[PDB]
Amino acid sequence: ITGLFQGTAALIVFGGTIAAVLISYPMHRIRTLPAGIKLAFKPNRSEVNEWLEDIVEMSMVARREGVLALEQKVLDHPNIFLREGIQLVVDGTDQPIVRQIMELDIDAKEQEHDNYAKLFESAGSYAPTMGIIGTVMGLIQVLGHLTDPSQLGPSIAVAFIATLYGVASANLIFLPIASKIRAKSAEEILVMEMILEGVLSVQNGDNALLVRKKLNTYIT
Amino acid sequence: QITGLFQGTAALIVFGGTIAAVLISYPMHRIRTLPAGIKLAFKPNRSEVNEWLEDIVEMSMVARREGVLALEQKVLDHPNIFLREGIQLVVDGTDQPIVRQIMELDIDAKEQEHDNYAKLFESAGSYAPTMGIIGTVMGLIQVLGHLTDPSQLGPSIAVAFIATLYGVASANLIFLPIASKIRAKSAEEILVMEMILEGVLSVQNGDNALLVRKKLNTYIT
Amino acid sequence: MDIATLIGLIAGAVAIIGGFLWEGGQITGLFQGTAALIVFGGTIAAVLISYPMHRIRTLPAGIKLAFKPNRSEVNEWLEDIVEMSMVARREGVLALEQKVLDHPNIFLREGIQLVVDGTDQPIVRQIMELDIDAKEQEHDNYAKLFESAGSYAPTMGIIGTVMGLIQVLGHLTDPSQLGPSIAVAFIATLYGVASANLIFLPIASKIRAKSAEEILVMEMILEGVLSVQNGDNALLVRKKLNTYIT
Amino acid sequence: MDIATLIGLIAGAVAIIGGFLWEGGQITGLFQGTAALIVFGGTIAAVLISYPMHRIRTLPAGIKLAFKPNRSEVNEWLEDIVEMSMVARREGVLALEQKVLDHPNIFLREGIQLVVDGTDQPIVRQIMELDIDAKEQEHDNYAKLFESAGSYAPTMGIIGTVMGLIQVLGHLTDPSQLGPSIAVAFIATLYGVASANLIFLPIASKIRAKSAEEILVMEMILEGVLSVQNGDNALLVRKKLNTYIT
Amino acid sequence: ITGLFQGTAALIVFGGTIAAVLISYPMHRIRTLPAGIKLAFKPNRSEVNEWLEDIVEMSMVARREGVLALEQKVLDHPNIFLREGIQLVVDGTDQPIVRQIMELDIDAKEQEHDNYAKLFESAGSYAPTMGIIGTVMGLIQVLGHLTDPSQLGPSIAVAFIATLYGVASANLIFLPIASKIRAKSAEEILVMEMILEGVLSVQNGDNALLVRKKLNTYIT
Amino acid sequence: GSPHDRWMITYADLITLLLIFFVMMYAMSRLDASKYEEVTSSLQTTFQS
Amino acid sequence: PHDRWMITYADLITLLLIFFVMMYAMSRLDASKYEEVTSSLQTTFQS
């Protein structure tokens, strides 16, 4: 394995990838890249089932205690999106406007996660082509002095290892990470749409059976 | 002909690497669904839709004469759960855009489930060919490094190219072909569900029987 | 068959084979059984897996749509629909039925009966557009088989050239068996690229191009049926429907 | 011709030929019979198979759109569309007829004529948007011929290459002097790549660029004839329509 | 590196790329490339956080003092799109019409930035293929000297340099610039969409807390 | 074509490098016509001129 | 569609390879040349 590290091949492939990504994005994107990885690799604490019972409780309250009672139930609730959603309904705002206020938070969260994945997907697009550049700079050197000058072997290496770094990094690191970010955005966005459908159903004062039947569509 | 075309160290790089790339690429709860995915891919149709229509059609006639109170004869629980529940939303306490909304969420959920099955096979079928190249380049680095005689250079390189042949062939004969069949059966199952949504809403609108068969047969090949 | 396909295949043969025969080739030199088995057998396999059998059995209808000879009938049905609108402005709706009771266009016949039966205008479009989008989906389901075949075959080519290199590279020190072996690395490329780009992908494009023309005639008849229900005046009916014709 | 295409083709020829001469070479060695016949013959065959003959007969009009010099006087028609609104405001809609007896733009004429005849706003939008959709579809159908010519020509290059090698190696019978014979076989890849990327795909791009530039002027005229029906004030009319001008 | 530089391989790739964009677009588009780059490398001094305070202040002034007091404040504001927006609402124009007139301007700005990026996306699509052309014209010449393996090696080595310029320019210059134009376009369209919810909320007369809630969804 | 074909950039790389090797090895070795003759007739029968 | 080039390049290179292999096939490699590259290669491979 000691023979798989090659200085010039790492500088061409990774230095090239870094250069292409730094040209491609504003600096305020790149400064957020840590949060991309921290989204990808956090454990599934998903508690959709726990919230589902809270919304059902609030529906049963809303039918009986009146809309003004809901505030006491959400007063210190841990889910901020649910808190804001319920509070807009206790404040008596109309259905097409509470829909419009809530959907903007979901759209912002969907855009924020896509902005993370695209930086990773782009790195996975450039690094393979830096492979080809590393290979061809290598071939130009090898064929340049083909007089068995004894330097052919060293340069043949760079031409191989630049391929290996370019392909392995793309298909084992950058592009695999990208898939997880996109797959885990689709957990959180779905849970937000469930909470929205919860808040609207509480405002319409649907019965517990209709509430549980609708919300179950977002769970598996 | 089969002449020395099996090499272990080449299957281990390709399939081991593919599994590694897929396990990084998805949360664990996705991977545990692959048994269902492959069963949807290779599972008999035994389509009965030509029968579900007949039932949906007949129910309309009952509502037109017998009130919706007697539309509960579906409480026999037709095998299709979607129809049982759908008609239990046409039983009173409901209104047409709400009945549409609750039914259509089940369809949108089932479309998203089947796409999430197929995406694993599409991604597996993209990673496998690229690993083949890794297996080949790893082989060449080992050979060229320790070259003895010019005589054996030919045979050695050949046993090294097998990684590529395993990779590209696996992708275009197993992974990517299945991915297609999962998605092709999903678009046939969703189509039946959309037809029933046609049935359930029409009955509630109390449309004439003859029009019912014209709307429903539109979905039938 | 169809005139543009007939000219195309004749030009194709004179170009590819007729060029090679000028420079003194032989037709039997372009046949290699192992290369045909790898490329066409591999392609057929990937297709039979990737689609249900009830789709594979539809391919005759796909070809019959692609090479259907062209018809100018749209120019006739425009006059029929305008005449029916002329009747609707002036006469009892019974005439719209009995004027149509023998008509060859089934979609138009059914559509007119829906308005004479007095069904509501936003309900009529909800059954007519259902009948259209079923026809649109049928033609897409034909074309996807050829788009898939033309996607697999190139790669089976690369599963031929590499299975050709693995033979040649195995007999470097034997120039007596290199000759028949090296042929596979060429010919398996050639079948992979030629089948994709002269058969499968061209057929796929032509199915889709004929489908668009079928759907446009249906969309015109829909605007016909709805304008007869509105009782729109004949010159404006002519003006709307003429946008679907060239 | 369009000035950018004239500068472009001069640059294209000077770059390709100037490069080929500077590294040593003579032009008479870069022209080959069989390679041209396979690459262009095969491209023509693939396109003729891919489309009905009624499409292929429109190909001249594709070029006439692509290299049309940009006269378009949208800045002049804006003053007409604003002025016509003032005529409706001061003298009522019936005075509009006299302003548009003879206007060069038929789409404007038809639009205004529907408004003075007092058609409903959702109807005048519907009848006019059909014309824009028909123009957009017509120009897309021109471009796909050039896009598909551009996707076949490179692959015909490979087929012409491989058939070249097959003949040379086949009847090799040569004194280790194969360098010239092998070399010529690569001319087919040069014609396949050059024609795709200096003719077919560039022409396709320019068709689509000029289509969008024309559809914008139609969408402006639509907001022009809708606005005179609602009776907007002159400042708001001049504000709205300017958003369609660069 | 005096052996990595070339005359003819640069002329075939860059001259061929220029010939392919000049044929591929109208002349009036090609003269806009300076403005494309000027957007791509616009130094970030953005002040969305300042305009949000201005809009919130304007709302509560409208809700207290009556709409006509808005006229005084808008006159001096530097953002031209915001100025026109309030001027519509001071003119008392109907809400579905204010949305229509404002959204035409946003659509026009989105289309202008797409038209800037497409020149670089197409330049980076042609340049690799001009590399292949430059390569193949090399090989056609060289394979004539196959007899002597004395010069075949050195000759081929220089022939592949056209591939190197075609791939390096595409993946380190043209496609990265195209990505950055699109990235900085979206972060200007977002500011306009925020101004739109600003202007409409001033017209509806919603209270300051709700305005500050809605607008912040467009900010990071 | 969709991203499934993204492996092509890499495949190209493999062959390109392999090409470097064989061309590299060819140059060093002159050809023995006898081998050249047998192949010319080994291929002649196969493509059938 | 920005990847058109690779699908043609591939073929071009490939065609060269298969030819060159055959070329080398009917040629004989002087051991001296092979050794300098093979011995130079192994040690430089970091062996």
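Brief remarks on what is shown
We call the chains A, B, C, D, E, F and G, going by the order they appear; numbering starts again at 1 in every chain.
One rule holds in what follows: a residue touches a chain if its C-beta (ideal position, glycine included) is under 8 Å from a C-beta of that chain, and two chains touch if they have at least 3 such contacts.
Labels paired with UniProt names: A, B, C, D, E = Flagellar motor protein MotA.
The pair with more inter-chain C-beta contacts, choosing from B-G and D-G, is D-G.
Centre-to-centre spacing of chain E (Flagellar motor protein MotA) and chain G amounts to 43 Å, using the average Cα coordinate of each chain. The distance from the centre of chain B (Flagellar motor protein MotA) to the centre of chain F, each centre being the mean of the chain's C-alpha atoms, comes to 42 Å.
Within chain B (Flagellar motor protein MotA), contacts with two or more other chains are made by residues 130, 133, 137, 140-141, 144-145, 153, 164, 168, 171, 176. Each of residues 1, 6, 9-14, 16-18, 21, 23-31, 35-36, 38-39, 43-44, 46-49 in chain F touches at least two other chains.
Each chain pair that touches appears in this list: A-B, A-E, A-F, A-G, B-C, B-F, B-G, C-D, C-F, C-G, D-E, D-F, D-G, E-F, E-G, F-G.
Interface residues of chain A (Flagellar motor protein MotA), counted against chain F in their complex, comprise 125, 128-129, 131-132, 135-136, 138-139, 142-143, 146, 148, 152, 156, 159-160, 163, 166-167.
Within the complex formed with chain E (Flagellar motor protein MotA), the chain G residues making contact are 1-2, 4-6, 8-9, 12, 16. Those residues of chain C (Flagellar motor protein MotA) lying in contact with chain D (Flagellar motor protein MotA) across their complex are 2-5, 7-9, 11-12, 14-16, 18-20, 22-26, 29-30, 70, 182, 186-187, 189-190, 193-194, 196-198, 201-203, 205-206, 209-210, 213, 236, 239-240, 243-244, 246.
Partner chain E (Flagellar motor protein MotA) is touched in their complex by these residues of chain F: 23-24, 26-30. Those residues of chain G whose C-beta lies close enough to touch chain B (Flagellar motor protein MotA) in the complex are 29, 31, 34, 38, 41-42, 45, 47.
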